[PDB]
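Listed here are the chains, written in short residue letters.
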Protein chains: 2
Amino acid sequence: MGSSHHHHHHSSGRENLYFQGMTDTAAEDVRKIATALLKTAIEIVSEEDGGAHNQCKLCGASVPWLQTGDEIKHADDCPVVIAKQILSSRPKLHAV
Amino acid sequence: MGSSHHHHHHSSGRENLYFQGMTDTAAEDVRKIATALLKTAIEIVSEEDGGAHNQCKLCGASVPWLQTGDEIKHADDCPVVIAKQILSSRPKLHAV
């Protein structure tokens, strides 16, 4: 029993909602593509003088490239930011 | 004598669920992310053994630099497949 202790979908079915079941399974795939943002989508745009700027290709992230970079600042007018918040919220298991 | 004057599509009352406006906007919000993460995360690779190629970040989609955009295959192992499914949501490509 148990099954899900280190698996990415045992099998499941299809033809129900947009994200397979979506009532539960939606979060897994959504955060996966959202993580791709940090994977390679985020990078520095080159300067004209001789340097760069730390910017998301929209507004999902932006800050002086040599400033922290850990909690990179977000402009919430961009749909890229919601993705960050989704994966930060995550499915919560409340137990003591 | 006349037809419409005010936009009654002003109804702003989406449920406060997991995926923000999870009822119909659920598909919208995620598609926003999928659309942005695709368009702004494509690197054009210049090859000395070939030429300039249009290749998406995770290699999940590749198209001639002439850019057709619509007709592009899918790397089945790459999470690009689900991203496409989300941002498209339209009956296209059977891909056997």
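Residues numbered from 1 in each chain as written, not as in the entry; some residues may be left out. Chains lettered and ligands numbered in written order. Heavy atoms only, no water.

Its PDB header names solution NMR as the technique used to obtain the model.

Anyone opening this PDB entry will find it titled "NMR Structure of protein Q6N9A4_RHOPA. Northeast Structural Genomics Consortium target RpT8".

What follows covers the interface of chain A and chain B. Between chain A and chain B, the contact holds 21 residues from the first and 19 residues from the second. Between chain A and chain B, a total of about 1,800 Å² is buried, with carbon and sulfur atoms accounting for 85% of that surface. Counting the contacts that link chain A with chain B gives 0 salt bridges. Put simply, chain A and chain B have 1 residue pair in polar contact between them. Listed by contribution, the elements that provide at least two residues to the side of chain A that touches chain B are α1 (26-41) and α2 (79-89) of chain A. Tallying contributions element by element places α1 of chain A first for the side of chain A that touches chain B, with 10 residues. In terms of residue class, the side of chain A that touches chain B is made up of 16 nonpolar, 1 polar and 4 charged. (Contact = heavy atoms within 4.5 Å. Buried area = accessible area lost by both parts, 1.4 Å probe. Salt bridge = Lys/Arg side-chain N within 4 Å of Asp/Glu carboxyl O. Polar contact = N/O pair within 3.5 Å; in protein donor to acceptor, adjacent residues only side chain to side chain. Helix = DSSP H or I, 4+ residues; strand = E, 2+ residues; numbered from the N terminus. Nonpolar A, V, L, I, M, F, W, Y, C, P; charged D, E, K, R; others polar.)

So, about the sheet that holds strand β3 (residues 62-63) of chain A. All names here are of chain A. With antiparallel pairing, 3 strands are arranged side by side in an open sheet as β1-β2-β3. At either end of the open sheet lies a strand with only one pairing partner, and these are β1 (43-46) and β3. Sheet topology places β1 next to strand β2 (residues 52-55); 4 bridges connect them, and they run antiparallel. The residue bridging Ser 46 from the neighbouring strand is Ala 52, located in β2. (Pairing = 2+ DSSP bridges.)

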